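Student:
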Ligand SMILES: *CC(=O)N1CCN(S(=O)(=O)c2ccc(Cl)s2)CC1
Ligand SMILES: *CC(=O)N1CCN(S(=O)(=O)c2ccc(Cl)s2)CC1
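Chains as they are written, first to last, in UniProt numbering: chain V, 3264 to 3567; chain D, 3264 to 3567.
(1) Please confirm whether any heavy atom of ligand 1 lies closer than 7 Å to the CB of residue 3406 of chain V.
(2) Could you tell me which whole alpha helix (DSSP H) segments of length 4 or greater appear in the segment 3457-3485 of chain D?
(3) Nearest to residue 3426 of chain V by alpha carbon, out of V:3333, V:3418 and V:3413?
(4) For residue 3481 of chain V, count neighbouring Cβ atoms within 10 angstroms of its own Cβ and tell me buried if that reaches 16, exposed if not.
(5) Here's the rule I'm using: 16 or more other beta-carbon atoms within 10 Å means buried, otherwise exposed. How should residue 3336 of chain D be labelled?
(6) Is the distance from the Cβ of residue 3273 of chain V to the Cβ of residue 3567 of chain D below 8 Å?
(7) From this set, V:3406, V:3423 and V:3495, which residue's C-alpha is nearest residue 3367 of chain V's C-alpha?
(8) For residue 3568 of chain D, count the other beta carbons within 10 Å of its own beta carbon; 16 or more makes it buried, fewer makes it exposed. Which is it?
(9) Quick check: the segment 3465-3475 of chain V against the segment 3524-3534 of chain V, are there 3 or more CB pairs under 8 Å?
(10) For the candidate residues V:3279, V:3464 and V:3410, whose alpha-carbon lies nearest to that of residue 3357 of chain V?
(11) Can you tell me whether residue 3448 of chain D is helix, strand or coil according to DSSP?
(12) Using 10 angstroms around the beta-carbon of residue 3442 of chain V, count the other beta-carbons present and answer buried if the total reaches 16, otherwise exposed.
(13) Who are the neighbours of residue 3571 of chain D on chain V, taking C-beta pairs under 7 Å?
(14) Please determine, among V:3328, V:3429 and V:3502, the residue with the shortest C-alpha to C-alpha distance to residue 3354 of chain V.
(15) Are the segment 3374-3392 of chain V and the segment 3289-3309 of chain V touching by the rule of at least three beta carbon pairs closer than 8 Å?
(16) Hey, is residue 3546 of chain V's beta-carbon within less than 8 Å of any beta-carbon in chain D?
(17) Measure the C-alpha to C-alpha separation of residue 3455 of chain V and residue 3431 of chain V and round it to an integer number of angstroms.
(18) With respect to 7 Å, is the separation between the Cβ of residue 3435 of chain D and the closest non-hydrogen atom of ligand 2 below this value?
(19) Hey, residue 3402 of chain V and residue 3265 of chain D are a contact pair by Cβ (cut 8 Å); roughly how many whole angstroms apart?
(20) Any heavy atom of ligand 1 inside 7 Å of the beta-carbon of residue 3517 of chain D?
(21) Nearest to residue 3362 of chain D by alpha carbon, out of D:3397, D:3338, D:3311 and D:3416?
(22) Mind checking if residue 3609 of chain V is an interface residue toward chain D, Cβ cutoff 8 Å exclusive?
(23) With DSSP run on the structure shown, which of helix, strand or coil describes residue 3309 of chain D?
(24) Can you tell me which residues form a DSSP beta bridge with residue 3544 of chain D?
(25) If we define contact as Cβ-Cβ less than 8 Å, is residue 3382 of chain V a contact residue for chain D?
(26) Between residue 3483 of chain D and residue 3268 of chain V, what straight-line distance do the alpha-carbon atoms span, to the nearest angstrom?
(27) Give me the subset of the segment 3417-3440 of chain D whose CB atoms are less than 8 Å from a CB atom of chain V, sorted by chain position.
(28) Can you determine whether any heavy atom of ligand 2 sits closer than 7 Å to the C-beta of residue 3293 of chain D, and answer yes or no?
(29) Following the continuous beta strand (DSSP E) through residue 3366 of chain D, name the residue where it begins and the one where it ends.
(30) Under DSSP, the beta strand (DSSP E) around residue 3391 of chain D begins and ends at which residues?
(31) Might you give, ordered along the chain, the residues of its own chain that have their beta carbon closer than 7 Å to the beta carbon of residue 3494 of chain D, omitting 5 neighbours on each side?
(32) Any residues in the segment 3491-3506 of chain D with a beta carbon nearer than 7 Å to a beta carbon of chain V? Which ones, in chain order?
(33) Look up residue 3440 of chain V in the DSSP assignment and say whether it is helix, strand or coil.
(34) Would DSSP call residue 3336 of chain D helix, strand or coil?
(35) Strictly by DSSP, which residues pair up with residue 3378 of chain D?
(36) Taking the CB atoms as reference points, tell me whether residue 3333 of chain V and residue 3396 of chain V lie closer together than 8 Å.
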């Protein structure tokens, strides 16, 4: 029993983190096989960052200008290329700790673990979600760029995020490992505002199921609703619309608890309209939306 | 910017987790040098657990009855001893992944990371605190016993907790790595109730400093207070008394923010008396108390 915001064990990702320096800029790289992936803004002088032309800046850079350090040992850069907003630094040594891995692009609402790094060195691990506005609410200081987000399926690390920047509002933006930003963001120091950070309804419902499984039941009520009725309430409270696809994904939690998804929708509806009245659910005073249905099943069943 | 509940990177601890089986009971062990540490209740039949005499049960156990598996490889047990509520299984092979380590006994209010394991395999990492009633609020299913809590100082893992049991109230109890329970708990299936789970005041104050550093400032007010005045309010709200020692520990956060500790005490006093009024601080609707002053300085300064 108990339900915690839980990150994947980070060891397989710790073994991939390196330091990348170009000129006076130091940040993190991800070493998989004989390629080091890092944000392309490693080539920018803070002056460059206001209106950088990355193809033009990159012309002034040679392999020997990219300093790649794995622990206290230098790696030899034998090639470099730009793919979207990341650099691929080809090195002469395959990472001997390379795990089984994939590059995936996640959808809003999907959760992942972040291994926050500085100078190629792991500092902490925490759980994030891709927000509906394609930001993440992270913990990233200068030096953390190139830190990565990931999921693990048994022994295969799916890399989904690389950290690139902080918006003036202190929320975070980055890329998949193909260098494509999530959302409309660009690696330039310019006016970039986030859209509405709506609540991930399906994740809230998952977490209410987690609460019932863990003995927190006070918010269960005598009501049901319909997707259309619920969605009117969701819209009013800046919750994501619930689709039949989300109902289908919650089916295993419905089955385990014997609470119909639309009944749990009606519980959530009353919580939105009535508030918590100073009560808590799984130690929270607000409705948690950074657990996916899959996360809840994982944690409630002890998958390794 | 941003402030997340952050665990230590788990890799150094992942390399220490093994499976221990005695009879039909499987749980986790910690392999450091040539010793495997595990909960002594691994020797109990669920029947035994109601009123176990561990010295008497242990007489019926030989080295060859303790099955220790590190990944898919069996370790040879060449000795066993009981220290308080843990078994030490001497094995013929030093763990080649043994990190620098210490065994520490923590005090209430201290935070640590837990690597939740099943069958010797890491499932997740999360951040906990030793509660003032010597429970922890964990996430532990059957099979998770022997999972450990830890802090890291650069390259040295301080092991502070091993998981042993869940109370009927779904909160958790365990031992230091010398096998001494935190608090009054015993490894027996009996009536064990937790005392008052008071709020860790010094940790709340640390987190309010974290909030100011991260731009969440709405709760700062025009007031100050005294330790004695504050403590009257703390007592009423089931907060731990604040001592001068806690004020001293908050000195670096005071200095960075220019907010006197007693002023931040007066802000906290108003939050207790007035509530949050539906507002949030660092994405929380309740006052977070599982960040130590040291955790806040670590995360706000990017230590690795
Ligand atoms: C995004 C990131 O982590 N970066 C590494 C640090 N650099 S920088 O140009 O060296 C600095 C800019 C602000 C400070 Cl403080 S250091 C930016 C990219
Ligand atoms: C505390 C722990 O993780 N343990 C391992 C599992 N055993 S057991 O006796 O095999 C079981 C008791 C309940 C279930 Cl379900 S399995 C208890 C100790």
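Beta carbons are placed, not taken as given, at the ideal position from N, Cα and C, and that holds for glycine.
Tutor: From the atom records:
(1) yes
(2) 3464-3476
(3) V:3413
(4) exposed
(5) exposed
(6) no
(7) V:3423
(8) A question about residue 3568 of chain D goes unanswered here, because the residues of chain D that appear run from 3264 up to 3567.
(9) yes
(10) V:3279
(11) coil
(12) buried
(13) No answer is possible for residue 3571 of chain D: it lies beyond the span of chain D, which begins at 3264 and ends at 3567.
(14) V:3328
(15) yes
(16) yes
(17) 8 Å
(18) no
(19) 4 Å
(20) no
(21) D:3416
(22) What is shown of chain V runs 3264 to 3567, which leaves residue 3609 of chain V out entirely.
(23) coil
(24) D:3547
(25) yes
(26) 28 Å
(27) 3429, 3433, 3434 and 3435
(28) no
(29) 3363-3366
(30) 3384-3392
(31) 3504 and 3505
(32) none
(33) coil
(34) strand
(35) D:3388 and D:3411
(36) no
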